[PDB]
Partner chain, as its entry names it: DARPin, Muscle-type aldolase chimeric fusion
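Presented as structure tokens, the chain that follows is alone, the form deposited without its partner chain.
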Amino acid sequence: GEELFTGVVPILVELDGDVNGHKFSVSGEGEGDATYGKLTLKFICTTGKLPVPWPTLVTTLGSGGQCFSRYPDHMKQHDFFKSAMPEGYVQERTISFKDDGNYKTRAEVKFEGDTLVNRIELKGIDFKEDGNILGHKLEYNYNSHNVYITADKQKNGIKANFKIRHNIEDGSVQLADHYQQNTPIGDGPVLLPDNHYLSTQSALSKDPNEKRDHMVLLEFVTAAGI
């Protein structure tokens, strides 16, 4: 439940991807603090260079940030993510880049000891050869986003819909529409929320001592709407 997130929880993230035939793997480690709604993670591409830009992977790789959200006192009954723990939940997403391809995922966020683990299977198709993604025209940055959550009582889980604004180097913005569905792994009672949002902010940086392809993610997630 929410009892497992009172202190600093260590995180381990693993991702196997396949974008337009290009195969890659990403490892990540870090820690989250639900009291501050903070998440700090370091990702490394274990297969060499990443064939997609790092900003396009933030919501998938940093999906654990949704579990570390600071929910206000009058809202702690709308926290699905924490209530699904230790057994966790299965997450499936469809990220649609406007005028380009899409990413289809299958993720699992659960507890393995004192460590929260996020394992993802990603498949990307229909990307343009010299488009914003495969052409690496995205700036190494990120903007704020609100994750609009609604309950799916039929499947005992939740649904989420949101838009990500990716800044391009020429001045344009690349829209990435997100569709999300979560369902618990366990049979025990989970918290089914009313309509609300997760106010999320993401800051990206580099580690000047890491020679490998990496990304440092600092995320701040707070709940609101009710």
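Numbering follows the first chain given and starts at 1.
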item: Average Cα temperature factor in the PDB entry - higher stretch of 198 to 206, 5 to 13; value: 5 to 13
item: 41 to 49 versus 59 to 67 - greater average Cα B-factor per the deposited record; value: 41 to 49
item: Which of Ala151, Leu122, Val147, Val117 ranks first by CA B-factor in the deposited coordinates; value: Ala151
item: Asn102, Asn132, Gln91, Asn141, ranked by C-alpha B-factor: the highest one; value: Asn132
item: Chain-wide C-alpha B factor ranking for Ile226, given as lowest, middle or highest third; value: highest
item: CA B-factor placement of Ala107, once the chain's modelled residues are sorted into thirds; value: highest
item: For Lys137, the third of its chain into which the C-alpha B factor falls; value: highest
item: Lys82 - Cα temperature factor, lowest/middle/highest third of chain; value: lowest
item: Within-chain third of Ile158 by Cα B-factor, per the entry; value: middle
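The same protein also has a form deposited with its partner chain bound, omitted here; what follows describes it.
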property	result
Contact label in the deposited bound form: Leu218 to its partner chain, heavy atom within 4.5 Å	yes
Contact flag, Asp207 vs its partner chain in the deposited bound form, heavy atom cut 4.5 Å	yes
Partner proximity in the deposited bound form: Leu57 to its partner chain, non-hydrogen atom cutoff 4.5 Å	no
Close approach of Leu41 to its partner chain in the deposited bound form, 4.5 Å, heavy atom	yes
